[PDB]
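For reference, the chain that follows is the form solved without the named molecule, supplied as structure tokens.
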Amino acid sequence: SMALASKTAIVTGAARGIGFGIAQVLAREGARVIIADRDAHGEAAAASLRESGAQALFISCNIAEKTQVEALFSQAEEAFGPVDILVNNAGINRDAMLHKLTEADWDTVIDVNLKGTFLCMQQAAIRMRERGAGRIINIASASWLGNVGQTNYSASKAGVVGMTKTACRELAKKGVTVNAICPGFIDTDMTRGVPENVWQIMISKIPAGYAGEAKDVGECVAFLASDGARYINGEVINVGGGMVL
């Protein structure tokens, strides 16, 4: 109980899906949570958390724009005090085969997934290194080591891993940990359109024999955010039931 009592956390992309489950678990452990998203459903997400007794706020933000990320952090800190935990979960897909991928679809995915994560990491780092404490948890993807149709997405999520590791080397001596999680196949409100035949193939690749839930990702986030995980830094942890993509 209360591993993260009165810590302030920003979770990007947390209106739905994996990010909302992360937010739920952080709130369960006592964190005050900022849901940062472009999706207006973020307000309903924050309200759901509040209804359960947690303190939460939605801040509408496009993380690809530095000025908006700056404003996000300033507003978060005005509301809830210093940001102790940043979870970079925001990510989009615009899949296409390598020979067909448009420049626009390339650009959009790199801008959100990779640049947006950099911009948020940067705002956290500026603050956390001065304060001498912090947690940065990046949500990458099982696709970081390749997946058909995901030239842009795999580039973006592998790039997040590289930044995770660099950031660990720069920030560990300041009392900050920076780690990445790679979810496996997670069944959420954002995967309700996966065809049955495709689910069967996915499940066949999972030793556990079932698709995970958003809260499985959230439990790992909450551990990494805790004081107990002070000596885990620069790691890439799969939360996937053994699945190899």
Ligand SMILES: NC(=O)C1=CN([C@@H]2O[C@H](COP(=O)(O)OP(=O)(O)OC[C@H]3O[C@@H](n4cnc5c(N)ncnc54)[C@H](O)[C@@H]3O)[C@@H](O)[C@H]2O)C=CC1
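Throughout, we count residues from 1 along the sequence that is shown. Between two forms, the rigid core is the largest collection of C-alphas that superpose within 1.5 Å.
Note that the form deposited with the named molecule bound isn't included here; everything after this is about it.
Visitor: Tell me, out of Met128, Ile139, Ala76, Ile136, which residue has a non-hydrogen atom within 4.5 angstroms of the named molecule in the entry with it bound.
Guide: For this set of options, the contacting one is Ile139.
Visitor: From the list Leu26, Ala46, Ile63, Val178, which entry has a heavy atom within 4.5 Å of the named molecule in the entry with it bound?
Guide: Flagged contact: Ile63.
Visitor: According to a 4.5 angstroms non-hydrogen atom cut-off, is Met190 in contact with the named molecule in the entry with it bound?
Guide: Taking the distances in the entry with it bound, the answer for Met190 is yes, it comes within 4.5 Å of the named molecule.
Visitor: Find out whether any non-hydrogen atom of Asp216 is located within 4.5 angstroms of the named molecule in the entry with it bound, and reply yes or no.
Guide: Outside the cut-off, so no.
Visitor: Is it the case that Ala167, even though its partner is missing from this view, gets within 4.5 Å of the named molecule in the entry with it bound, heavy atoms only?
Guide: Residue-level check for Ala167: no, no contact with the named molecule.
Visitor: Does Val221 make contact with the named molecule in the entry with it bound, using a 4.5 Å heavy atom cut-off?
Guide: No, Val221 is distant from the partner.
Visitor: Counting only non-hydrogen atoms, choose the one of 150-158, 76-84, 167-175, 96-104 that falls within 4.5 Å of the named molecule in the entry with it bound.
Guide: Single hit among the candidates: 150-158.
Visitor: Align on the core first; then indicate which of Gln55, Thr191, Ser48, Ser60 has a CA shift of 2 angstroms or more between this form and the one not shown.
Guide: So the only displaced C-alpha belongs to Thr191.
Visitor: Please say whether the CA atoms of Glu43 and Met190 come closer or move farther apart in the entry with it bound, knowing the change relative to this form is 3 Å or more.
Guide: Note: Cα gap between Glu43 and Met190 widens in the entry with it bound.
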